[PDB]
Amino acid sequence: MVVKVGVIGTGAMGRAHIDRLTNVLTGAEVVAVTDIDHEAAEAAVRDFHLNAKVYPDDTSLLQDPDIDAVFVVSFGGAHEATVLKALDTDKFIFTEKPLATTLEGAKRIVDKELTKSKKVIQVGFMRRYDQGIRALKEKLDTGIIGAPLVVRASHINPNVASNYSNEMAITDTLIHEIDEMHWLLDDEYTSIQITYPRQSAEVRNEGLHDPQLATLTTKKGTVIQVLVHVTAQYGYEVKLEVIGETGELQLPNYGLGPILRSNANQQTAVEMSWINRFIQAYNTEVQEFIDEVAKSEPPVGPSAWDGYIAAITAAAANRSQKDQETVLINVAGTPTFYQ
């Protein structure tokens, strides 16, 4: 039987999730949408040829007893209230990152969810579903390189829009590494420090420091060094290397495109779009959520607790951005509800 979905926020990512549910993946149908821009909502219904109701607000959508699951794809600051409203229903909830824009918001969600009989929230941290990243985690977990001592990673993006702020270097960009590392390492963070190398001449945005170096430490003592470089020009690239006691593991060359020998060079194209880079991870992530809902079983992907860990760490990082000082992180032990 088909999972009936409502979508709250029908903007760029909302429409892309609608397209996934409608055109790409199996077992779901979007039967309801809402957007504070009523005309965005009508356009979603029209462009994707949906047989769906346009609701005036999230409150009304969430009262429709035929919707099995809701996708919350509104502005980040709008997630917390919408997730809290959806937690008064029995519906499963897929929320894009962040779970909330403040860690207090994220704690409100984790507390209302823990009153429920079962977990219903998955948060859209897609990196965990990326085939290469997953495969590296699985190899690490065999023990073949011993314990992880240091992780080195890069999050490289060619250019940013005029609205991109210094804070978004954490909340839009580093946030992916923030969710990924504790999961990769099965460990908890103890601190984060953001430092600023010399400022690139490519930055055109007031207040934006680029590149940024993030250093995170974990309870077992692993150090994570992430380079965030968002005006890098050359391409979009995610790099990850785990230094172990007895060996190292790293992500391979990404790309399907041909090797060209021409004009005294050998070359391959580099991805320019994060959207294309993570197409597979988004498909896999959403298909898994739908397959869980179809079985009436809780999601198994990143939970509200992961959303809360990410919110606390992002807050610690935004605080570090002010003076480049290390900010301690102490995350409470995970409730068994979320193991």
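All residue numbers are counted from 1 along the displayed sequence.
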Mean C-alpha B factor from the entry: is it higher for 253 to 261 or for 176 to 184?
-> 253 to 261
Comparing mean C-alpha B factor in the record for 118 to 126 and 262 to 270, the higher one is 118 to 126
Based on the PDB entry, the highest CA temperature factor among the options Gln131, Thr89, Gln193, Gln225 is that of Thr89
Per the deposited B-factor column, the C-alpha that peaks among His209, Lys85, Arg152, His155 belongs to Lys85
Record-listed C-alpha B factor of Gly77: chain third = highest
Within this chain's modelled residues, let me know which third the CA B factor of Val203 belongs to: lowest, middle or highest.
-> lowest
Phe289: C-alpha B-factor third of its chain, per the entry, is the lowest
Could you say whether, by C-alpha temperature factor, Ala169 belongs to the lowest, middle or highest third of its chain?
-> middle
State the tercile, meaning the lowest, middle or highest third, of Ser296 with respect to the CA B-factors recorded for its chain.
-> middle
